[PDB]
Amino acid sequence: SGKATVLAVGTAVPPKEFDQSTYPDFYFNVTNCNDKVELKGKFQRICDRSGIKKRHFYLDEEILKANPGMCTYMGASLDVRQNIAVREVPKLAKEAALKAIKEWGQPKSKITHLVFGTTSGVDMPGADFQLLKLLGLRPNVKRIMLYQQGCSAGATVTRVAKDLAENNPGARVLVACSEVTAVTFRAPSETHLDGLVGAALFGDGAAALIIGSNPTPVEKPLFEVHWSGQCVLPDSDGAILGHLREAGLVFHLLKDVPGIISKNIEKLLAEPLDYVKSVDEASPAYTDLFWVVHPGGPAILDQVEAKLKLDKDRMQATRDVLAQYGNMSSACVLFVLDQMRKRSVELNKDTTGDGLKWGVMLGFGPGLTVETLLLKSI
């Protein structure tokens, strides 16, 4: 009783779909890099093993032709990237939030808090303010705006909402994460091979939740958030860096991120599993939990699945999101939460979490930081 509960989830993506099989052709063409045949061949191999069937993007050929700075490797281009991101990030969030608010079924006036996460642009007032205005929420909604957060922020916003909901009687928290890759897109370069990873994986999308404690009989709970933690992994300094520059957002990958996560995942889970033992008086195996994992890339999923000896179906909701949308940074794990519920209905599962009682939500980001949440299904 009393635990922050997910009462709705909605998602949204830009309409234009980019097939992964032919994305190398598009990408090297629009960046005027067709003479880089060996690099294109490498990029094709990366895309072919990415686990991704398509991604959705706001950026298209027309916008890129109108803004040649964004088609360069490190040309000055932040102003145009910001123009795009500051406009489109709250608009995509609005679409997701309206879906979440419909599912919840209560009037918008009952929203008391708003937590907004993004890695795509910054502005003052922030995207939280813009979303408040776009939705016509009360002017005294309490906002928390989480900018430049990265891939762990879907878990972060859930952790933030948990304490808001639990400490404030009657509170109903609208959570939204929204990502548009206009700030990171750039030409491929032999001098930035780790850039090919992001170019193969990152896509656009937004997701929204309603979270509250003590659901009423007219609300419909989906997941309870029982425990939350955040930690920096050992021996991971500099594994992922992201710098916002005149050329936009640039990433650098300096360590084996899947290996570092896998090396530490059992230790990460000791604390939430001790919570479960306190409640249920026994220790589940890792494969006895459901899994809501940020699909950073296929190697993270494969290595965690192997390390924890998970049945192959446990990662399926995560892999389904990766396949249909790619890595949507902060929003991606919230799409997985939605897919977990959706497959529970279609596969006739006994609970919203793959028919299992307890589950783990994981987000990963620079630090290397891991966000862990213990979930209970409904």
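Residue numbers run from 1 along the displayed sequence.
In this entry, the higher average B-factor at the C-alpha atoms falls on 268-276, of the pair 268-276 and 128-136. Per the PDB record, of the two stretches 300-308 and 155-163, 300-308 carries the greater mean B-factor over its C-alpha atoms. Note on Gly248, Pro284, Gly105, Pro90: the highest value goes to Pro284, judged by CA B factor as recorded.
Set against one another, the Cα B-factors of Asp338, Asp35, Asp320, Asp313 in the record reach their highest point at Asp35. Looking at the C-alpha B-factors along this chain, the one for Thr191 belongs to the highest third. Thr352: CA B factor in the lowest third of modelled residues in this chain (values from the PDB entry). When the CA B factors of the chain's modelled residues are split into thirds, the value for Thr5 lands in the lowest one. Among all modelled residues in its chain, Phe290 ranks in the lowest third by Cα B-factor. In the deposited entry, the Cα temperature factor of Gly242 sits in the middle third of values across the chain's modelled residues.
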